[PDB]
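The block underneath contains the structure these notes are about, expressed in structure tokens.
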Amino acid sequence: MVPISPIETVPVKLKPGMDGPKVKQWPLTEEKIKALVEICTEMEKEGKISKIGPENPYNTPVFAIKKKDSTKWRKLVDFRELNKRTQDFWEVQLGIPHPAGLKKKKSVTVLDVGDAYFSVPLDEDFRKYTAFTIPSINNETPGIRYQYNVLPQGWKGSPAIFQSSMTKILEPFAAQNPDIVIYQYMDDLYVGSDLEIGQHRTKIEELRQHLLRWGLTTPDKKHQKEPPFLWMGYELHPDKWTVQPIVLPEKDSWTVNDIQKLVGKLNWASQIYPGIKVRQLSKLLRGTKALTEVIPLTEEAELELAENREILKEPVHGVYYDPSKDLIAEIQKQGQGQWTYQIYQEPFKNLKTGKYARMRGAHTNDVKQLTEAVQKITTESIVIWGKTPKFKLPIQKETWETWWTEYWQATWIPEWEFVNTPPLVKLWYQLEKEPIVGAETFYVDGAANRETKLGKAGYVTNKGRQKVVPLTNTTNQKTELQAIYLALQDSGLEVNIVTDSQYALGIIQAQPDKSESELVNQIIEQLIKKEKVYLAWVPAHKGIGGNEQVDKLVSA
Amino acid sequence: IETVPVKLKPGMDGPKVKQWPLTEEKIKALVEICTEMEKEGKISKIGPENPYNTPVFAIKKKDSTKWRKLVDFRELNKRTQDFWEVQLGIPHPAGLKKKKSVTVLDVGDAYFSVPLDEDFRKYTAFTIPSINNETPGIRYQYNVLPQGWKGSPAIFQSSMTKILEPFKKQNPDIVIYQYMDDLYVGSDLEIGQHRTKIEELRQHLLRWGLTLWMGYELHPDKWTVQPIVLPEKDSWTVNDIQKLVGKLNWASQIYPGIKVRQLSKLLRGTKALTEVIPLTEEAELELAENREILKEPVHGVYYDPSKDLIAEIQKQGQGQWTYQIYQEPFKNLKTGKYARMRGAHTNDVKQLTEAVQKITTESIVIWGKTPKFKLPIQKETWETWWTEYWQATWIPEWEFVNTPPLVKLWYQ
Ligand SMILES: NC[C@H](NC(=O)c1ccc(-c2ccc(C(F)(F)F)c(F)c2)[nH]1)c1nc(CO)cs1
């Protein structure tokens, strides 16, 4: 017999200050007891489990689920109470490899090692907590006691200990076979190479023997897959990849369910199908919190799904990654705070696509949203390909330059170039840095009564122009804004505006181009029509005759 | 050559911070660096029974072309024991901030000769990430004292004094301070002469490596705190006086007797913003008294080592950045301005990142600890890019300012 190398044992402890599990074995029917002793007898003589004495006070319940179709019985141990008591393990499970990150390899094989997790030895000091009891027939003898000698399934540490052990074993094979690549995700082993199919299956054969050296049995006669394959909702083909073909549900009164199974499924399509939009269907969700409530479709929804039942019509595919070519990311504004993007290396052939939705914000503008989307694509690209893409953006170089040089915040987007595909991102207004000579000076103010919620807003100018408007159901902050709106509405193309509203300054200095407030949006629309606006701030209640002779006018 | 016993504070688990994604070249650099560190015994691979994690990345330090590993031990430093057993850390030398020149010497490589408590090693776990979650992450833990850990200087402190006991024996004029992996050496000495005593220490540090090659030249005394300035003009517009009154009203929160009655009376009436107004004699007087008020420092401005230091930064444009360090609002302990010769004419985030590093350096010199920053930048932009221009081995804390403060005008 060719001798087996022992797999190193990972030391395991329970959580600090926690005993072991002591759960009672549930009453099983007589036929199910018969199956369990059959199963445990073979695995005991396989070295996988072993009978324990009456010493071990720990117990985990065991069930047997007759499998469907197959007239077989398979065993089930519910390790929920033991999992609660076992230490936390390291989390490599952070991400799922994205198909667009895989490099194109000529030959690729995948081998399921859902077998091998059970040939890995379990820490001896920890096997005492794996104990379980086969309940005897008529409960007239003591239930036969068992414990695990190897990684049990459904146990917390099994996936992490199995993959750690497997990585240890794969290291020297990969290191001494640089002409291959071996990825390892979940229960599968991905092996790819650029050599002819002949020398590939030989190196596949060599790997299986390498794993025999540690006592890990590998699928052989077929049973190991070759592309294509259906994997994690994708379709991986030798030259291309795509979402699994997955077709929209149909209802007349759409539930919560109905679109929770659809935006989450339209999100899936957006990673390869360009231009998928989701907003007019997600507003129908965050404003609700009942997992059966029904919502009628809004007027802009059946217009949007009519385009989601329009991009999902022809199969579009993604290419695999070529590390020798440049990475390009291109972004398009879609409207209503929606952004769509495509990442590619050659024209017409995307590696992947995607979307970005504005942050919930009180105010916003296009440049900040484009900047945010650039950062999202930057991080996504680092994850998938290990580098930042070169950007093509619907914003002019001089527009960006004026923006970042005058924006009060620090901002930066990596190397990029203008792509002239409307709608273009624009600066819709720009305040002046100095007062305007020969422009009328509007001293504005507003005030409201906290009790009656009545208020006034208006202005006085240097030419003697004046206005005060009475207002109902308004606040001090609203009247301060309304005062500015009136001055903008009533002035020429160039105007100086003096206010004491730190609230208004804070809004306008943030330079929004669209707002939740219908009032701020009117102000924005007036700013866009102007030629020059200089906005000055003065402290209130200093009697600065503008913000005095109009403070004594709006509170009268 | 034996362990110093090190614990966390009770009720606190080790750090479990997720590793952020890294470019391919940074991963490659970390693999090469960690492979050699593993060969030299400084670190060792670990298994999945270690649930702790601390982020790591790689950069290039000032004036050098070789990648260096930096571990973001910020979370672990919060969770680490406070080292005041027999000697409560290292009392801050108040004399370091008043020296004519101070130079910063990286002494961090000396930590890699002193083992770390075998019980504590599990808390220094970090992960070299893989691209696209293809391979699992390569996990290491430290066997030696790690750079960036706050325990490393505290543990090396006793064994560092013997290293300098000859030097400060010869040179009682020189103040040497250690923060993290940095040695701060100051003197009231002439400039060319101050450089000479310095590599005298550098050669003095190689002698004890038998049993770190460049220098950053700070000048604390050649710098000072900053007063509030008011314009000196012969003709004032409405706008000019309005801005003046606003600045004075803002400064009246810091200085008590600031008055604006006589100047604001000039602003009565709705005049054009660009119209010139002669200054009332009472207004000219009021402006004069406000000036002398602004020439004295703020009274009762005290440093409290029990409270955090807060640093605010404002982007002023054209490569200029203002900042203030304070503990209580309206009670600045230092203010300053950082402009060009930064290398970031077209990169706002590189300038800000360099401004953060310099303010932290100044803060280490003056008080011996780092401030909490209020950064004028969106969280998403900062967290994406700051590691691209970071060069220091320490990292401060920071929050983000989303509303444009009016005070940018007043510090301009
Ligand atoms: N769950 C089903 C199980 N696996 C698969 O079919 C499968 C097909 C393709 C991948 C795959 C793709 C990519 C990666 C990586 F992340 F590396 F890119 C990876 F790790 C794995 N896995 C199998 N069962 C049998 C029957 O014995 C055979 S395969």
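Letters A, B, ... go to the chains of the structure tokens in the order shown; residues in each chain start at 1; ligands are counted from 1 in the same order.
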
With a cut-off of 10 Å, could you pull out the residues of chain A touching ligand 1 and give me the nearest pair of atoms for each, distance in Å to one decimal, using only C-alpha atoms and all ligand atoms, ordered by chain and ascending number, as JSON lines?
{"residue": "A:95", "atom": "CA", "partner": "ligand 1", "partner_atom_place_in_ligand_line": "16 (F)", "distance": 9.5}
{"residue": "A:96", "atom": "CA", "partner": "ligand 1", "partner_atom_place_in_ligand_line": "16 (F)", "distance": 6.7}
{"residue": "A:97", "atom": "CA", "partner": "ligand 1", "partner_atom_place_in_ligand_line": "16 (F)", "distance": 4.7}
{"residue": "A:98", "atom": "CA", "partner": "ligand 1", "partner_atom_place_in_ligand_line": "18 (F)", "distance": 6.9}
{"residue": "A:99", "atom": "CA", "partner": "ligand 1", "partner_atom_place_in_ligand_line": "18 (F)", "distance": 6.5}
{"residue": "A:100", "atom": "CA", "partner": "ligand 1", "partner_atom_place_in_ligand_line": "18 (F)", "distance": 9.4}
{"residue": "A:101", "atom": "CA", "partner": "ligand 1", "partner_atom_place_in_ligand_line": "18 (F)", "distance": 8.1}
{"residue": "A:102", "atom": "CA", "partner": "ligand 1", "partner_atom_place_in_ligand_line": "18 (F)", "distance": 6.3}
{"residue": "A:103", "atom": "CA", "partner": "ligand 1", "partner_atom_place_in_ligand_line": "18 (F)", "distance": 9.5}
{"residue": "A:108", "atom": "CA", "partner": "ligand 1", "partner_atom_place_in_ligand_line": "12 (C)", "distance": 9.6}
{"residue": "A:109", "atom": "CA", "partner": "ligand 1", "partner_atom_place_in_ligand_line": "9 (C)", "distance": 8.5}
{"residue": "A:110", "atom": "CA", "partner": "ligand 1", "partner_atom_place_in_ligand_line": "9 (C)", "distance": 6.1}
{"residue": "A:111", "atom": "CA", "partner": "ligand 1", "partner_atom_place_in_ligand_line": "29 (S)", "distance": 5.8}
{"residue": "A:112", "atom": "CA", "partner": "ligand 1", "partner_atom_place_in_ligand_line": "29 (S)", "distance": 4.7}
{"residue": "A:113", "atom": "CA", "partner": "ligand 1", "partner_atom_place_in_ligand_line": "27 (O)", "distance": 7.8}
{"residue": "A:114", "atom": "CA", "partner": "ligand 1", "partner_atom_place_in_ligand_line": "27 (O)", "distance": 7.6}
{"residue": "A:115", "atom": "CA", "partner": "ligand 1", "partner_atom_place_in_ligand_line": "27 (O)", "distance": 9.0}
{"residue": "A:181", "atom": "CA", "partner": "ligand 1", "partner_atom_place_in_ligand_line": "17 (F)", "distance": 9.5}
{"residue": "A:182", "atom": "CA", "partner": "ligand 1", "partner_atom_place_in_ligand_line": "17 (F)", "distance": 7.5}
{"residue": "A:183", "atom": "CA", "partner": "ligand 1", "partner_atom_place_in_ligand_line": "17 (F)", "distance": 4.4}
{"residue": "A:184", "atom": "CA", "partner": "ligand 1", "partner_atom_place_in_ligand_line": "20 (F)", "distance": 4.9}
{"residue": "A:185", "atom": "CA", "partner": "ligand 1", "partner_atom_place_in_ligand_line": "20 (F)", "distance": 3.8}
{"residue": "A:186", "atom": "CA", "partner": "ligand 1", "partner_atom_place_in_ligand_line": "20 (F)", "distance": 6.4}
{"residue": "A:187", "atom": "CA", "partner": "ligand 1", "partner_atom_place_in_ligand_line": "3 (C)", "distance": 6.8}
{"residue": "A:188", "atom": "CA", "partner": "ligand 1", "partner_atom_place_in_ligand_line": "21 (C)", "distance": 5.2}
{"residue": "A:189", "atom": "CA", "partner": "ligand 1", "partner_atom_place_in_ligand_line": "20 (F)", "distance": 5.6}
{"residue": "A:190", "atom": "CA", "partner": "ligand 1", "partner_atom_place_in_ligand_line": "17 (F)", "distance": 4.9}
{"residue": "A:191", "atom": "CA", "partner": "ligand 1", "partner_atom_place_in_ligand_line": "17 (F)", "distance": 8.0}
{"residue": "A:192", "atom": "CA", "partner": "ligand 1", "partner_atom_place_in_ligand_line": "17 (F)", "distance": 9.3}
{"residue": "A:218", "atom": "CA", "partner": "ligand 1", "partner_atom_place_in_ligand_line": "27 (O)", "distance": 9.8}
{"residue": "A:219", "atom": "CA", "partner": "ligand 1", "partner_atom_place_in_ligand_line": "27 (O)", "distance": 7.2}
{"residue": "A:220", "atom": "CA", "partner": "ligand 1", "partner_atom_place_in_ligand_line": "27 (O)", "distance": 9.9}
{"residue": "A:222", "atom": "CA", "partner": "ligand 1", "partner_atom_place_in_ligand_line": "27 (O)", "distance": 9.4}
{"residue": "A:223", "atom": "CA", "partner": "ligand 1", "partner_atom_place_in_ligand_line": "27 (O)", "distance": 5.6}
{"residue": "A:224", "atom": "CA", "partner": "ligand 1", "partner_atom_place_in_ligand_line": "28 (C)", "distance": 5.5}
{"residue": "A:225", "atom": "CA", "partner": "ligand 1", "partner_atom_place_in_ligand_line": "28 (C)", "distance": 5.5}
{"residue": "A:226", "atom": "CA", "partner": "ligand 1", "partner_atom_place_in_ligand_line": "8 (C)", "distance": 8.0}
{"residue": "A:227", "atom": "CA", "partner": "ligand 1", "partner_atom_place_in_ligand_line": "9 (C)", "distance": 7.8}
{"residue": "A:228", "atom": "CA", "partner": "ligand 1", "partner_atom_place_in_ligand_line": "8 (C)", "distance": 8.2}
{"residue": "A:229", "atom": "CA", "partner": "ligand 1", "partner_atom_place_in_ligand_line": "8 (C)", "distance": 5.3}
{"residue": "A:230", "atom": "CA", "partner": "ligand 1", "partner_atom_place_in_ligand_line": "8 (C)", "distance": 6.3}
{"residue": "A:231", "atom": "CA", "partner": "ligand 1", "partner_atom_place_in_ligand_line": "8 (C)", "distance": 5.1}
{"residue": "A:232", "atom": "CA", "partner": "ligand 1", "partner_atom_place_in_ligand_line": "22 (N)", "distance": 7.9}
{"residue": "A:234", "atom": "CA", "partner": "ligand 1", "partner_atom_place_in_ligand_line": "12 (C)", "distance": 9.2}
{"residue": "A:235", "atom": "CA", "partner": "ligand 1", "partner_atom_place_in_ligand_line": "9 (C)", "distance": 9.0}
{"residue": "A:236", "atom": "CA", "partner": "ligand 1", "partner_atom_place_in_ligand_line": "9 (C)", "distance": 7.6}

- Item | Interface residues on chain A facing chain B, 7 Å, only C-alpha atoms, written as a PyMOL selection string | chain A and resi 10-12+88-90+92+95-98+101+160-161+164+183-185+372+375+382-387+405+408-412+435+437+440-441+460-462+506+509-510+538-539+542-546

- Coordinates-based distance that separates atom CA of residue 324 of chain B from atom CA of residue 371 of chain B (Å, one decimal): 10.6 Å

- List every residue of segment 6-206 of chain A that DSSP, applied to the backbone, labels as strand (DSSP E), and write the result as a ChimeraX atom specification. /A:49-51,62-66,73-77,107-112,132-134,144-148,180-185,188-193

Using DSSP secondary structure from the backbone, list all helix (DSSP H, G or I) positions within segment 87-259 of chain A, as a short mmCIF file (atom, residue, chain, number, x, y, z; two decimals) with N, CA, C and O atoms, in the first residue's frame.
data_model
loop_
_atom_site.label_atom_id
_atom_site.label_comp_id
_atom_site.auth_asym_id
_atom_site.auth_seq_id
_atom_site.Cartn_x
_atom_site.Cartn_y
_atom_site.Cartn_z
N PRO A 99 -17.72 36.34 -13.46
CA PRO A 99 -17.27 35.75 -14.73
C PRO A 99 -16.40 36.68 -15.58
O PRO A 99 -15.45 36.21 -16.21
N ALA A 100 -16.70 37.98 -15.60
CA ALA A 100 -15.93 38.91 -16.41
C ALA A 100 -14.49 39.03 -15.93
O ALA A 100 -13.64 39.53 -16.68
N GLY A 101 -14.19 38.59 -14.70
CA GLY A 101 -12.82 38.60 -14.22
C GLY A 101 -12.00 37.41 -14.65
O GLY A 101 -10.77 37.51 -14.67
N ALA A 116 -14.54 15.39 -0.66
CA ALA A 116 -13.29 15.45 0.08
C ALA A 116 -13.43 16.11 1.45
O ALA A 116 -12.58 15.87 2.32
N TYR A 117 -14.47 16.92 1.68
CA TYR A 117 -14.64 17.55 2.99
C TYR A 117 -14.76 16.53 4.11
O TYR A 117 -14.61 16.88 5.28
N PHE A 118 -15.01 15.27 3.77
CA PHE A 118 -15.23 14.24 4.77
C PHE A 118 -14.02 13.33 4.97
O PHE A 118 -14.02 12.52 5.90
N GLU A 124 -9.00 16.40 17.39
CA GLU A 124 -9.39 15.34 18.33
C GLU A 124 -9.99 15.92 19.60
O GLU A 124 -10.99 15.40 20.12
N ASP A 125 -9.42 17.01 20.11
CA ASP A 125 -9.96 17.64 21.31
C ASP A 125 -11.37 18.17 21.10
O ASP A 125 -12.07 18.43 22.08
N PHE A 126 -11.81 18.34 19.85
CA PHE A 126 -13.13 18.87 19.57
C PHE A 126 -14.15 17.82 19.18
O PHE A 126 -15.34 18.13 19.12
N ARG A 127 -13.72 16.58 18.91
CA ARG A 127 -14.68 15.56 18.47
C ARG A 127 -15.66 15.19 19.56
O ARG A 127 -16.77 14.73 19.27
N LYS A 128 -15.31 15.43 20.84
CA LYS A 128 -16.22 15.10 21.93
C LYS A 128 -17.50 15.93 21.88
O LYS A 128 -18.50 15.52 22.47
N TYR A 129 -17.49 17.07 21.20
CA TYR A 129 -18.67 17.90 21.08
C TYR A 129 -19.51 17.57 19.85
O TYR A 129 -20.58 18.17 19.67
N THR A 130 -19.07 16.64 19.02
CA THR A 130 -19.82 16.17 17.86
C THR A 130 -20.77 15.03 18.20
O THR A 130 -21.43 14.51 17.30
N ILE A 137 -34.62 0.87 19.37
CA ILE A 137 -35.98 0.41 19.10
C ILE A 137 -36.72 0.21 20.42
O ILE A 137 -36.23 -0.48 21.33
N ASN A 138 -37.89 0.83 20.53
CA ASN A 138 -38.74 0.82 21.72
C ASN A 138 -38.07 1.45 22.94
O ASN A 138 -38.56 1.30 24.06
N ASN A 139 -36.96 2.17 22.74
CA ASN A 139 -36.19 2.80 23.82
C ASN A 139 -35.90 1.82 24.96
O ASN A 139 -35.95 2.18 26.13
N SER A 158 -16.60 23.45 9.20
CA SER A 158 -16.27 22.53 8.11
C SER A 158 -15.90 23.24 6.81
O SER A 158 -14.86 22.88 6.23
N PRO A 159 -16.66 24.22 6.30
CA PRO A 159 -16.25 24.85 5.04
C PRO A 159 -14.93 25.59 5.12
O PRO A 159 -14.17 25.60 4.14
N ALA A 160 -14.63 26.22 6.26
CA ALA A 160 -13.38 26.97 6.38
C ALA A 160 -12.19 26.06 6.61
O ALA A 160 -11.11 26.29 6.06
N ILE A 161 -12.35 25.01 7.42
CA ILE A 161 -11.26 24.07 7.65
C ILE A 161 -10.99 23.26 6.38
O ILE A 161 -9.83 22.95 6.06
N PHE A 162 -12.04 22.92 5.64
CA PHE A 162 -11.85 22.15 4.41
C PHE A 162 -11.09 22.95 3.37
O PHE A 162 -10.16 22.44 2.73
N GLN A 163 -11.46 24.22 3.17
CA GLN A 163 -10.80 25.03 2.15
C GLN A 163 -9.38 25.40 2.55
O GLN A 163 -8.48 25.44 1.71
N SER A 164 -9.17 25.68 3.84
CA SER A 164 -7.81 25.94 4.32
C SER A 164 -6.91 24.74 4.09
O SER A 164 -5.78 24.87 3.60
N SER A 165 -7.39 23.54 4.44
CA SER A 165 -6.62 22.33 4.21
C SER A 165 -6.38 22.11 2.72
O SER A 165 -5.28 21.74 2.30
N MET A 166 -7.41 22.34 1.90
CA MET A 166 -7.27 22.14 0.46
C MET A 166 -6.27 23.12 -0.15
O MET A 166 -5.48 22.75 -1.02
N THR A 167 -6.29 24.37 0.31
CA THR A 167 -5.32 25.35 -0.18
C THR A 167 -3.90 24.93 0.16
O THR A 167 -2.99 25.03 -0.68
N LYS A 168 -3.68 24.46 1.39
CA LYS A 168 -2.38 23.93 1.79
C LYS A 168 -1.89 22.87 0.81
O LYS A 168 -0.73 22.88 0.38
N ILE A 169 -2.77 21.94 0.44
CA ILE A 169 -2.38 20.83 -0.42
C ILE A 169 -2.14 21.31 -1.85
O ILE A 169 -1.26 20.78 -2.55
N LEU A 170 -2.88 22.32 -2.31
CA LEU A 170 -2.78 22.75 -3.69
C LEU A 170 -1.57 23.63 -3.96
O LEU A 170 -1.15 23.74 -5.12
N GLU A 171 -1.00 24.27 -2.93
CA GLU A 171 0.12 25.20 -3.06
C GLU A 171 1.26 24.63 -3.91
O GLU A 171 1.61 25.23 -4.93
N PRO A 172 1.86 23.49 -3.55
CA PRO A 172 3.03 23.03 -4.32
C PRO A 172 2.67 22.55 -5.71
O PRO A 172 3.53 22.60 -6.60
N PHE A 173 1.45 22.07 -5.93
CA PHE A 173 1.04 21.69 -7.27
C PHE A 173 0.94 22.91 -8.18
O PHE A 173 1.43 22.89 -9.31
N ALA A 174 0.32 23.98 -7.68
CA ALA A 174 0.23 25.21 -8.47
C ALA A 174 1.61 25.84 -8.66
O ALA A 174 1.96 26.25 -9.77
N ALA A 175 2.40 25.91 -7.58
CA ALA A 175 3.71 26.55 -7.67
C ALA A 175 4.61 25.85 -8.68
O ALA A 175 5.37 26.51 -9.40
N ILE A 197 -5.55 20.34 -25.38
CA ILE A 197 -6.42 19.54 -24.53
C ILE A 197 -5.73 18.25 -24.09
O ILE A 197 -6.08 17.69 -23.04
N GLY A 198 -4.76 17.78 -24.86
CA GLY A 198 -4.00 16.60 -24.47
C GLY A 198 -3.31 16.80 -23.14
O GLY A 198 -3.70 16.20 -22.13
N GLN A 199 -2.29 17.66 -23.11
CA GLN A 199 -1.52 17.90 -21.90
C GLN A 199 -2.35 18.52 -20.78
O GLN A 199 -1.84 18.63 -19.65
N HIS A 200 -3.59 18.93 -21.04
CA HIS A 200 -4.44 19.45 -19.98
C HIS A 200 -4.96 18.31 -19.10
O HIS A 200 -4.76 18.31 -17.88
N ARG A 201 -5.63 17.33 -19.71
CA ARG A 201 -6.16 16.21 -18.95
C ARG A 201 -5.07 15.38 -18.31
O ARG A 201 -5.34 14.68 -17.32
N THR A 202 -3.84 15.44 -18.82
CA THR A 202 -2.72 14.82 -18.11
C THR A 202 -2.44 15.56 -16.81
O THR A 202 -2.33 14.94 -15.74
N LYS A 203 -2.33 16.89 -16.87
CA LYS A 203 -2.12 17.67 -15.66
C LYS A 203 -3.34 17.60 -14.74
O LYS A 203 -3.19 17.70 -13.52
N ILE A 204 -4.54 17.44 -15.31
CA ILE A 204 -5.70 17.12 -14.49
C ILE A 204 -5.48 15.79 -13.79
O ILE A 204 -5.66 15.67 -12.57
N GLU A 205 -5.06 14.77 -14.55
CA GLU A 205 -4.76 13.47 -13.96
C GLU A 205 -3.68 13.58 -12.89
O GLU A 205 -3.76 12.94 -11.84
N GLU A 206 -2.65 14.40 -13.14
CA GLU A 206 -1.58 14.57 -12.17
C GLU A 206 -2.10 15.19 -10.87
O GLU A 206 -1.65 14.83 -9.78
N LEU A 207 -3.05 16.12 -10.98
CA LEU A 207 -3.60 16.76 -9.79
C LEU A 207 -4.39 15.77 -8.95
O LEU A 207 -4.26 15.74 -7.72
N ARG A 208 -5.21 14.94 -9.59
CA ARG A 208 -5.98 13.94 -8.86
C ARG A 208 -5.06 12.97 -8.13
O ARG A 208 -5.36 12.56 -7.00
N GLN A 209 -3.94 12.58 -8.74
CA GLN A 209 -2.99 11.76 -8.01
C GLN A 209 -2.34 12.56 -6.88
O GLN A 209 -2.08 12.02 -5.80
N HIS A 210 -2.07 13.85 -7.10
CA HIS A 210 -1.52 14.68 -6.03
C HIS A 210 -2.46 14.71 -4.83
O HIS A 210 -2.01 14.70 -3.68
N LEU A 211 -3.77 14.74 -5.08
CA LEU A 211 -4.74 14.72 -3.99
C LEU A 211 -4.93 13.33 -3.39
O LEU A 211 -5.37 13.23 -2.24
N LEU A 212 -4.61 12.27 -4.14
CA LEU A 212 -4.61 10.94 -3.55
C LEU A 212 -3.51 10.79 -2.50
O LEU A 212 -3.69 10.05 -1.52
N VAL A 256 -45.86 42.79 -3.04
CA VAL A 256 -44.49 43.05 -2.61
C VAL A 256 -43.55 42.00 -3.19
O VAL A 256 -42.57 42.33 -3.86
N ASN A 257 -43.83 40.72 -2.89
CA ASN A 257 -43.24 39.59 -3.57
C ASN A 257 -42.92 39.86 -5.04
O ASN A 257 -41.84 39.52 -5.52
N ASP A 258 -43.90 40.44 -5.72
CA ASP A 258 -43.94 40.36 -7.18
C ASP A 258 -42.76 41.09 -7.82
O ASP A 258 -42.22 40.66 -8.85
N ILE A 259 -42.35 42.19 -7.20
CA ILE A 259 -41.24 42.97 -7.70
C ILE A 259 -40.00 42.80 -6.83
O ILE A 259 -38.88 43.01 -7.31
#

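Closest approach to residue 255 of chain A among A:291, A:77, A:281, A:495: A:291, based on only C-alpha atoms.
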